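**Student:** Take a look at the following structure, please.
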Amino acid sequence: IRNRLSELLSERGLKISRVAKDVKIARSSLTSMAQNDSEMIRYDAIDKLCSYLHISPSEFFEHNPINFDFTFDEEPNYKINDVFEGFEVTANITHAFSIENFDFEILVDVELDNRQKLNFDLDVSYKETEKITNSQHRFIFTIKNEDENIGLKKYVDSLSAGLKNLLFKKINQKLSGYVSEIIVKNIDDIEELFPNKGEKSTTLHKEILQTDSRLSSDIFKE
Amino acid sequence: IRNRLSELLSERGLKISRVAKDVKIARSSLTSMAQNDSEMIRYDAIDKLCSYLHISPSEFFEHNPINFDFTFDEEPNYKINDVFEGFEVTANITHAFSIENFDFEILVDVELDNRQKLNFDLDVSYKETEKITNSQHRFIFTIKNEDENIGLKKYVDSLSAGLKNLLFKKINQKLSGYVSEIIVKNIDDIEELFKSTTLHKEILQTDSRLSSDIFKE
Amino acid sequence: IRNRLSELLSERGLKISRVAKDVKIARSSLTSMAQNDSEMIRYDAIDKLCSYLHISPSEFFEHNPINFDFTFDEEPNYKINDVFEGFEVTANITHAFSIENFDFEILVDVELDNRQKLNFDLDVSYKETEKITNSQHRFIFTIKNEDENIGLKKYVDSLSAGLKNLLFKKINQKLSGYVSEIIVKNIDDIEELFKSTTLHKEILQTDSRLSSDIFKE
Amino acid sequence: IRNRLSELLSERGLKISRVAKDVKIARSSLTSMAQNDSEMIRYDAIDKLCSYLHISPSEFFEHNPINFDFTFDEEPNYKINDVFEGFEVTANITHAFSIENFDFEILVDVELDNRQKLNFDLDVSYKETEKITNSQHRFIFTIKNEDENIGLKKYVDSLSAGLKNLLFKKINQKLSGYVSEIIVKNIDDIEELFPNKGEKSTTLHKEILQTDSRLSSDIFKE
Amino acid sequence: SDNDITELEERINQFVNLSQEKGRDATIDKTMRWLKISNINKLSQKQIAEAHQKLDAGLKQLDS
């Protein structure tokens with residue numbers, strides 16, 4: 001499920017600030033709720049927004065009964081070589097360390113409208129530490145058994161594009177958090193000797209937690 | 001905005017505990033959210049309920065574009081009479097004191113779907129005290145200018161029964177807090193010698209309800 | 001899942017001590033495992049028993065694909081009445097106090113062999129206290145909505161007598177722990193002046209059993 | 001709304017001091033009220049002035065029912081690089097720092113005679129730190145979506161020239177205050193090592209608050 | 001001239017004891033605070049008669 005605020009105001013052409021001025025809702029909370037990322041919503045908010053946009057909650061709440069629940073391995077098969085390439089000197093994840101391999105199993109209990117639930121196992125392995133910017137990098141993972149989970153992809157693409165993007169976000173966020181958690185327990189705190197361009201000094205921990213690892217596979221293209 | 005989980009469960013006879021077990025949601029939260037009492041709802045909760053009940057969020061969330069807003073006078077016209085006698089026998093606000101007058105105007109905006117909104121002023125004066133219980137008495141306020149609020153009744157009963165009840169609950173709470181704030185300041189606490197309650201606490205617990213043809217429920 | 005070692009021994013008249021000597025297994029462990037009381041079984045134990053009794057593990061382990069799970073309300077509806085008088089004469093929970101009300105719903109899932117499972121809600125309220133012994137009294141709870149549990153009785157008696165007894169034991173323990181946890185917190189300890197027992201310990205020892213047409217044993 | 005004192009005495013040719021001597025009103029208060037800037041006015045003042053000028057309040061109060069209410073972003077997109085070019089030695093805003101960028105949204109809820117209100121969103125970005133004098137500078141902003149708010153301009157120019165100037169003043173003053181507030185919170189107190197030409201030493205704070213940032217766009221020409 | 005001083009003590013204790021008999025808790029010192037009497041000895045016949053009025057209302061009404 002997700003609110004369609006982003007799609008609604010894109011269609012209307014209105015801006016979040018403009019809506020906030022109209023419905024007396026805090027800009028930060030409303031803009032966060034505009035994104036599907038927010039997990040909690042207020043009844044006052046749904047009343048004010050549905051009235052302002054003159055629309056029933058039907059158009060506000062995009063719901064598909066297919067629920068995708070994800071579970072990760074308590075213990076993964078992870079090897080992380082430590083390369084002491086002056087991380088403190090240069091705040092680059094590559095300089096701090098490198099993932100030799102990171103493979104594990106992601107169990108997805110896809111549930112249809114009926115309680116009948118189908119479980120799909122994902123052998124996901126670290127592939128490359130993609131460098132998005134000179135400042136930060138994104139870990140990239142890949143599903144070895146993605147061809148086996150072709151039916152899963154059929155179910156994923158069977159949803160709306162907005163809901164597909166919401167799943168991709170959820171998967172990425174869970175995976176990022178998991179990977180950062182494992183690495184931060186495996187790698188000792190490496191603080192930056194020099195604050196970068198007046199930005200307060202940030203430790204490797206802050207960098208890896210900030211690091212967002214998005215899975216890459218034909219199962220999840222967009 | 002009206003959660004129909006409660007209605008839906010009455011339709012299907014499903015016990016709240018049964019739903020909570022199936023959707024792995026706390027009974028307490030589910031029962032609080034059942035009558036749309038809580039003003040916050042989790043996306044996970046509604047997703048799970050919709051999938052579990054085989055419904056679109058339309059049957060869960062019932063919304064009428066019409067909006068009602070209630071503004072109370074900053075200064076009301078109130079007079080107090082304090083007996084200070086008979087509160088001791090058993091919790092009873094009426095014996096301790098009563099409000100001789102408490103007439104004040106409430107500016108109510110019934111907003112239509114069109115941006116234009118209609119402003120209606122209702123003057124409610126202290127009518128009597130409802131003896132709902134010997135321990136608690138709820139002040140009753142009657143609308144004097146119900147003529148100006150003839151359209152108010154039409155808008156109010158234009159909404160669903162659940163929505164009407166919601167409105168009645170909100171206005172009742174708001175009125176109760178308003179009158180309690182106004183009165184507790186002019187009322188010295190009386191200890192309930194006959195587990196421990198101060199007449200102040202009585203004032204806090206005592207509520208108030210608008211009895212009028214415009215709001216019969 | 002029902003160890004039939006006990007039944008098998010009754011069939012063959014073999015004393016538990018005799019089996020333990022022949023299979024070189026501790027008498028204590030063998031007797032604990034005889035009624036399938038212990039929830040852990042050694043592969044060596046079952047291997048030795050099967051070879052010794054000339055049986056396949058089929059006659060040792062009796063399993064019905066059907067599964068029963070029991071979930072108790074997080075908050076039950078209970079009221080307590082504490083006499084605090086007569087507990088001193090001899091251990092007796094009833095004289096010390098009693099539970100005026102203790103009605104709560106238990107969500108029971110009878111899972112079929114098919115992945116689909118059936119959820120049945122039973123509401124059990126405090127009925128009376130069983131005077132099993134003067135020292136120990138077991139609270140009795142009766143199912144109010146036995147109509148919703150008509151199929152529950154059919155599933156329950158669809159199982160073997162041993163399995164039924166197993167279920168009854170499990171539910172009894174669970175109910176006893178639930179009611180003891182709920183009550184001991186609201187009950188001050190009373191020393192048994194007439195080897196040393198505190199009313200708390202009495203609460204711990206006192207159990208509870210669901211007396212209903214659905215569970216007669 | 002605005003009093004037309006400036007226009008009235010320009011037409012009469014009289015001076016504020018001359019009017020003050022006539023109506024027994026304090027020169028400072030009267031001269032301030034002569035400007036549309038004053039937000040408060042006394043009934044005694046309107047009586048004395050209307051009588052002195054022998055005119056009804058109609059000619060004194062220029063009122064147009066179109067109300068322009070302005071709201072600014074709680075959190076703007078602002079980047080202000082700090083250049084330590086001896087601000088203390090030369091009291092120039094450029095020497096103290098420089099705005100890398102300052103863009104934000106200004107919501108205008110234009111209201112006609114009827115309660116019907118139209119909201120216009122202004123993507124306003126810092127363009128240049130215009131140096132009015134060697135002593136002080138004026139920050140210049142520009143509306144990126146001014147072409148979208150062409151209808152707003154139609155409403156602005158639909159008013160009287162005096163009322164248009166009053167709006168421009170109000171917009172400039174609000175914008176100046178907002179910008180100075182943001183900068184003074186973002187830039188540390190830089191006091192002037194030397195009082196300038198016998199003028200008591202003034203800190204960067206006093207300079208930026210004194211700095212008046214007037215928005216520049218075709219929406220607001222005059 | 002004065003015999004109600006002790007009568008007042010009996011009637012405040014009746015109030016306290018009845019209050020305890022009903023439920024919750026009741027204390028004589030808080031009961032005295034109802035009368036707001038600093039000292040039982042220092043009480044005018046007129047004030048003590050007014051005191052009786054306060055107490056009788058608390059005790060007699062719940063009796064009749």
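FYI, nothing fancy with the structure tokens labels: chains A, B, ... in order, residues from 1 per chain, ligands from 1 as they appear.
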Mind dumping a table of every chain E residue within 9 Å of chain B, with the nearest atom pair and its distance in Å to one decimal, using only C-alpha atoms, sorted by chain and rising number, as CSV?
**Tutor:**
residue,atom,partner,partner_atom,distance
E:15,CA,B:194,CA,8.1
E:16,CA,B:193,CA,7.3
E:17,CA,B:194,CA,8.9
E:18,CA,B:194,CA,7.2
E:19,CA,B:194,CA,3.6
E:20,CA,B:194,CA,6.3
E:21,CA,B:194,CA,8.0
E:22,CA,B:194,CA,6.0
E:23,CA,B:194,CA,6.1
E:24,CA,B:195,CA,5.6
E:25,CA,B:193,CA,6.3
E:26,CA,B:193,CA,4.8
E:27,CA,B:193,CA,7.5
E:30,CA,B:193,CA,8.1
E:31,CA,B:193,CA,7.7
E:34,CA,B:190,CA,8.4
E:54,CA,B:85,CA,6.7
E:55,CA,B:85,CA,8.8
E:57,CA,B:86,CA,6.1
E:58,CA,B:86,CA,5.3
E:59,CA,B:89,CA,7.0
E:61,CA,B:86,CA,7.7
E:62,CA,B:89,CA,6.1
**Student:** Do a neighbour search on residue 202 in chain A at 7 Å with only C-alpha atoms, toss out local chain neighbours closer than 2 positions, and write the hits as a list in words.
**Tutor:**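 So the residues in contact are residues 191, 192, 200, 204 and 206 of chain A.
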**Student:** Export N, CA, C and O atoms of the chosen residues as a PDB file, in the first residue's frame?
**Tutor:**
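Contents of the output file result34.pdb:
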ATOM      1  N   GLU A 191      37.991   6.953  12.231  1.00  0.00           N
ATOM      2  CA  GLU A 191      37.518   8.364  12.188  1.00  0.00           C
ATOM      3  C   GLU A 191      38.348   9.154  11.168  1.00  0.00           C
ATOM      4  O   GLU A 191      39.551   8.863  11.048  1.00  0.00           O
ATOM      5  N   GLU A 192      37.781  10.191  10.553  1.00  0.00           N
ATOM      6  CA  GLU A 192      38.504  10.951   9.495  1.00  0.00           C
ATOM      7  C   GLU A 192      39.464  11.958  10.147  1.00  0.00           C
ATOM      8  O   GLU A 192      38.971  12.810  10.910  1.00  0.00           O
ATOM      9  N   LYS A 200      31.728  18.619   9.448  1.00  0.00           N
ATOM     10  CA  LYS A 200      32.345  18.037  10.671  1.00  0.00           C
ATOM     11  C   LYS A 200      32.884  16.635  10.370  1.00  0.00           C
ATOM     12  O   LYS A 200      32.215  15.896   9.621  1.00  0.00           O
ATOM     13  N   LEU A 204      34.186   6.260   9.541  1.00  0.00           N
ATOM     14  CA  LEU A 204      33.818   5.202   8.568  1.00  0.00           C
ATOM     15  C   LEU A 204      32.398   4.747   8.896  1.00  0.00           C
ATOM     16  O   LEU A 204      31.609   4.557   7.962  1.00  0.00           O
ATOM     17  N   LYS A 206      29.786   6.259  10.071  1.00  0.00           N
ATOM     18  CA  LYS A 206      28.789   7.155   9.500  1.00  0.00           C
ATOM     19  C   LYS A 206      28.730   7.005   7.988  1.00  0.00           C
ATOM     20  O   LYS A 206      27.648   7.072   7.396  1.00  0.00           O
TER      21      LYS A 206
END
**Student:** Using only C-alpha atoms, find the residues of chain A whose closest atom to chain C is at most 10 Å away, then write them as JSON, numbers by chain.
**Tutor:** {"A": [114, 115, 116, 117]}
**Student:** So that each row is one residue of chain B with an atom at most 12 Å from chain C, can you give its shortest atom pair and the distance in Å to one decimal, using only C-alpha atoms, rows by chain and rising number, as a Markdown table?
**Tutor:**
| residue | atom | partner | partner_atom | distance |
| --- | --- | --- | --- | --- |
| B:13 | CA | C:148 | CA | 11.2 |
| B:14 | CA | C:121 | CA | 9.7 |
| B:15 | CA | C:121 | CA | 7.9 |
| B:16 | CA | C:121 | CA | 10.2 |
| B:17 | CA | C:107 | CA | 7.3 |
| B:18 | CA | C:107 | CA | 6.5 |
| B:19 | CA | C:119 | CA | 9.8 |
| B:20 | CA | C:107 | CA | 9.9 |
| B:21 | CA | C:107 | CA | 7.6 |
| B:22 | CA | C:119 | CA | 8.5 |
| B:24 | CA | C:71 | CA | 11.9 |
| B:25 | CA | C:74 | CA | 12.0 |
| B:26 | CA | C:74 | CA | 8.8 |
| B:27 | CA | C:74 | CA | 7.7 |
| B:28 | CA | C:74 | CA | 8.5 |
| B:29 | CA | C:74 | CA | 11.7 |
**Student:** For a quick check of understanding, using only C-alpha atoms, which of C:211, C:149, C:56, C:134 has the smallest distance to residue 110 in chain C?
**Tutor:**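 Ranking C:211, C:149, C:56, C:134 by distance to residue 110 in chain C, first place goes to C:149.
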**Student:** Please measure the separation of CA of residue 44 in chain C and CA of residue 30 in chain C, giving the value in Å to one decimal.
**Tutor:**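 For CA of residue 44 in chain C relative to CA of residue 30 in chain C, the distance reads 12.1 Å.
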**Student:** What is the distance between CA of residue 1 in chain D and CA of residue 163 in chain D, in Å to one decimal?
**Tutor:**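 If I compute the distance from CA of residue 1 in chain D to CA of residue 163 in chain D, I get 7.2 Å.
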**Student:** So that I can see what lies close to residue 106 in chain A, please list as a ChimeraX atom specification the residues with an atom at most 12 Å from it, counting only C-alpha atoms and leaving out residues fewer than 2 positions away in the same chain.
**Tutor:** /A:68-76,103-104,108-109,119-125,141-146,149,171,174-175,178,215
**Student:** Could you tell me which residues of chain A sit within 10 Å of chain D when counting only C-alpha atoms, and give me the result as a list in words?
**Tutor:**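 Output check: residues 14, 15, 17, 18, 19, 21, 22, 26, 27 and 28 of chain A.
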**Student:** Grab the residues selected above and save them as a PDB file, in the first residue's frame with C-alpha atoms.
**Tutor:**
ATOM      1  CA  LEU A  14       0.839  21.830  -7.239  1.00  0.00           C
ATOM      2  CA  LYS A  15       3.911  21.956  -4.928  1.00  0.00           C
ATOM      3  CA  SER A  17       4.679  23.850   0.160  1.00  0.00           C
ATOM      4  CA  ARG A  18       1.542  25.124  -1.665  1.00  0.00           C
ATOM      5  CA  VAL A  19      -0.502  22.157  -0.307  1.00  0.00           C
ATOM      6  CA  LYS A  21      -0.120  26.363   3.166  1.00  0.00           C
ATOM      7  CA  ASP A  22      -3.601  25.147   2.194  1.00  0.00           C
ATOM      8  CA  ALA A  26       3.781  20.863   8.666  1.00  0.00           C
ATOM      9  CA  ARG A  27       5.917  21.077   5.512  1.00  0.00           C
ATOM     10  CA  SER A  28       8.468  18.496   6.678  1.00  0.00           C
TER      11      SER A  28
END
**Student:** Please identify which residues in range 2-222 of chain D DSSP calls strand (DSSP E) from the backbone, and express them as an MDAnalysis selection string.
**Tutor:** chainID D and resid 2:3 61:62 67:72 77:81 98:111 117:130 138:143 214:215
**Student:** Please compute the CA of residue 156 in chain A-CA of residue 219 in chain A distance, one decimal, in Å.
**Tutor:**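 CA of residue 219 in chain A lies 7.6 Å from CA of residue 156 in chain A.
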**Student:** Quick one: DSSP alpha helix (DSSP H) residues in range 6-63 of chain E, as a ChimeraX atom specification?
**Tutor:** /E:6-22,28-35,45-63
**Student:** Which residues, written as a VMD selection string, have at least one atom at most 12 Å from residue 212 in chain D, with only C-alpha atoms counted and residues fewer than 4 positions away on the same chain left out?
**Tutor:** chain D and resid 93 129 to 132 136 to 141 169 to 181 206 to 208
**Student:** Next, dump the selected residues to file, keeping only N, CA and C atoms, as a PDB file, in the first residue's frame.
**Tutor:**
ATOM      1  N   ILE D  93      30.254  43.380   2.557  1.00  0.00           N
ATOM      2  CA  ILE D  93      29.603  42.048   2.704  1.00  0.00           C
ATOM      3  C   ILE D  93      30.401  41.048   1.866  1.00  0.00           C
ATOM      4  N   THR D 129      25.184  39.727  -5.685  1.00  0.00           N
ATOM      5  CA  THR D 129      25.288  40.633  -4.506  1.00  0.00           C
ATOM      6  C   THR D 129      25.591  42.035  -5.038  1.00  0.00           C
ATOM      7  N   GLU D 130      24.571  42.715  -5.549  1.00  0.00           N
ATOM      8  CA  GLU D 130      24.714  44.046  -6.119  1.00  0.00           C
ATOM      9  C   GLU D 130      25.291  45.007  -5.092  1.00  0.00           C
ATOM     10  N   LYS D 131      26.330  45.739  -5.512  1.00  0.00           N
ATOM     11  CA  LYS D 131      27.014  46.689  -4.596  1.00  0.00           C
ATOM     12  C   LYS D 131      26.478  48.097  -4.855  1.00  0.00           C
ATOM     13  N   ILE D 132      25.513  48.534  -4.049  1.00  0.00           N
ATOM     14  CA  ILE D 132      24.921  49.857  -4.203  1.00  0.00           C
ATOM     15  C   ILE D 132      25.949  50.948  -3.934  1.00  0.00           C
ATOM     16  N   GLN D 136      27.921  49.700   1.453  1.00  0.00           N
ATOM     17  CA  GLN D 136      26.950  48.590   1.654  1.00  0.00           C
ATOM     18  C   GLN D 136      26.537  47.979   0.311  1.00  0.00           C
ATOM     19  N   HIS D 137      25.970  46.771   0.351  1.00  0.00           N
ATOM     20  CA  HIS D 137      25.554  46.071  -0.891  1.00  0.00           C
ATOM     21  C   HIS D 137      24.082  45.679  -0.770  1.00  0.00           C
ATOM     22  N   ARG D 138      23.407  45.431  -1.894  1.00  0.00           N
ATOM     23  CA  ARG D 138      22.017  44.908  -1.837  1.00  0.00           C
ATOM     24  C   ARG D 138      21.994  43.531  -2.506  1.00  0.00           C
ATOM     25  N   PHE D 139      21.542  42.493  -1.797  1.00  0.00           N
ATOM     26  CA  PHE D 139      21.410  41.161  -2.443  1.00  0.00           C
ATOM     27  C   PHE D 139      20.284  41.228  -3.478  1.00  0.00           C
ATOM     28  N   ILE D 140      20.500  40.625  -4.649  1.00  0.00           N
ATOM     29  CA  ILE D 140      19.459  40.634  -5.719  1.00  0.00           C
ATOM     30  C   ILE D 140      18.977  39.201  -5.943  1.00  0.00           C
ATOM     31  N   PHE D 141      17.660  38.992  -5.891  1.00  0.00           N
ATOM     32  CA  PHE D 141      17.096  37.644  -6.152  1.00  0.00           C
ATOM     33  C   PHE D 141      16.270  37.681  -7.442  1.00  0.00           C
ATOM     34  N   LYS D 169       7.640  47.378  -1.748  1.00  0.00           N
ATOM     35  CA  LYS D 169       8.312  47.666  -0.457  1.00  0.00           C
ATOM     36  C   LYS D 169       8.110  46.472   0.475  1.00  0.00           C
ATOM     37  N   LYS D 170       6.861  46.036   0.644  1.00  0.00           N
ATOM     38  CA  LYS D 170       6.582  44.948   1.576  1.00  0.00           C
ATOM     39  C   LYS D 170       7.358  43.694   1.201  1.00  0.00           C
ATOM     40  N   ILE D 171       7.363  43.346  -0.088  1.00  0.00           N
ATOM     41  CA  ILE D 171       8.088  42.162  -0.537  1.00  0.00           C
ATOM     42  C   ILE D 171       9.569  42.309  -0.237  1.00  0.00           C
ATOM     43  N   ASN D 172      10.131  43.455  -0.624  1.00  0.00           N
ATOM     44  CA  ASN D 172      11.574  43.712  -0.390  1.00  0.00           C
ATOM     45  C   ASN D 172      11.872  43.589   1.103  1.00  0.00           C
ATOM     46  N   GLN D 173      11.065  44.231   1.949  1.00  0.00           N
ATOM     47  CA  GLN D 173      11.357  44.265   3.374  1.00  0.00           C
ATOM     48  C   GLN D 173      11.297  42.866   3.966  1.00  0.00           C
ATOM     49  N   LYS D 174      10.253  42.113   3.617  1.00  0.00           N
ATOM     50  CA  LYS D 174      10.132  40.720   4.124  1.00  0.00           C
ATOM     51  C   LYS D 174      11.341  39.915   3.642  1.00  0.00           C
ATOM     52  N   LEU D 175      11.687  40.038   2.360  1.00  0.00           N
ATOM     53  CA  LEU D 175      12.789  39.269   1.800  1.00  0.00           C
ATOM     54  C   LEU D 175      14.109  39.640   2.465  1.00  0.00           C
ATOM     55  N   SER D 176      14.315  40.944   2.656  1.00  0.00           N
ATOM     56  CA  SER D 176      15.549  41.415   3.330  1.00  0.00           C
ATOM     57  C   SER D 176      15.615  40.782   4.717  1.00  0.00           C
ATOM     58  N   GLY D 177      14.556  40.957   5.511  1.00  0.00           N
ATOM     59  CA  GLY D 177      14.558  40.416   6.858  1.00  0.00           C
ATOM     60  C   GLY D 177      14.833  38.925   6.869  1.00  0.00           C
ATOM     61  N   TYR D 178      14.169  38.200   5.965  1.00  0.00           N
ATOM     62  CA  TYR D 178      14.351  36.730   5.887  1.00  0.00           C
ATOM     63  C   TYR D 178      15.813  36.407   5.581  1.00  0.00           C
ATOM     64  N   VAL D 179      16.367  37.020   4.534  1.00  0.00           N
ATOM     65  CA  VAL D 179      17.729  36.722   4.114  1.00  0.00           C
ATOM     66  C   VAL D 179      18.721  37.085   5.208  1.00  0.00           C
ATOM     67  N   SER D 180      18.555  38.258   5.821  1.00  0.00           N
ATOM     68  CA  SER D 180      19.460  38.661   6.888  1.00  0.00           C
ATOM     69  C   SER D 180      19.373  37.705   8.066  1.00  0.00           C
ATOM     70  N   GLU D 181      18.152  37.256   8.372  1.00  0.00           N
ATOM     71  CA  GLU D 181      17.955  36.292   9.486  1.00  0.00           C
ATOM     72  C   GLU D 181      18.727  35.006   9.183  1.00  0.00           C
ATOM     73  N   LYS D 206      25.313  43.714  11.964  1.00  0.00           N
ATOM     74  CA  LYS D 206      24.649  44.986  11.717  1.00  0.00           C
ATOM     75  C   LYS D 206      24.623  45.305  10.231  1.00  0.00           C
ATOM     76  N   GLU D 207      25.680  44.894   9.528  1.00  0.00           N
ATOM     77  CA  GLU D 207      25.784  45.184   8.075  1.00  0.00           C
ATOM     78  C   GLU D 207      24.753  44.357   7.306  1.00  0.00           C
ATOM     79  N   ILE D 208      24.655  43.059   7.603  1.00  0.00           N
ATOM     80  CA  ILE D 208      23.725  42.174   6.841  1.00  0.00           C
ATOM     81  C   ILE D 208      22.283  42.554   7.189  1.00  0.00           C
TER      82      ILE D 208
END
**Student:** Check the smallest atom-to-atom distance from each of A:203, A:3, A:38, A:186 to residue 64 in chain A using only C-alpha atoms, then report the winner.
**Tutor:** A:3
**Student:** What's around range 154-171 of chain C at 12 Å? Count only C-alpha atoms, leave out sequence neighbours fewer than 6 positions away in its own chain, and write the answer as number ranges by chain.
**Tutor:** C: 1-7, 35-39, 61-72, 106, 108-112, 117-118, 120, 141, 146, 148, 177-178, 207-217
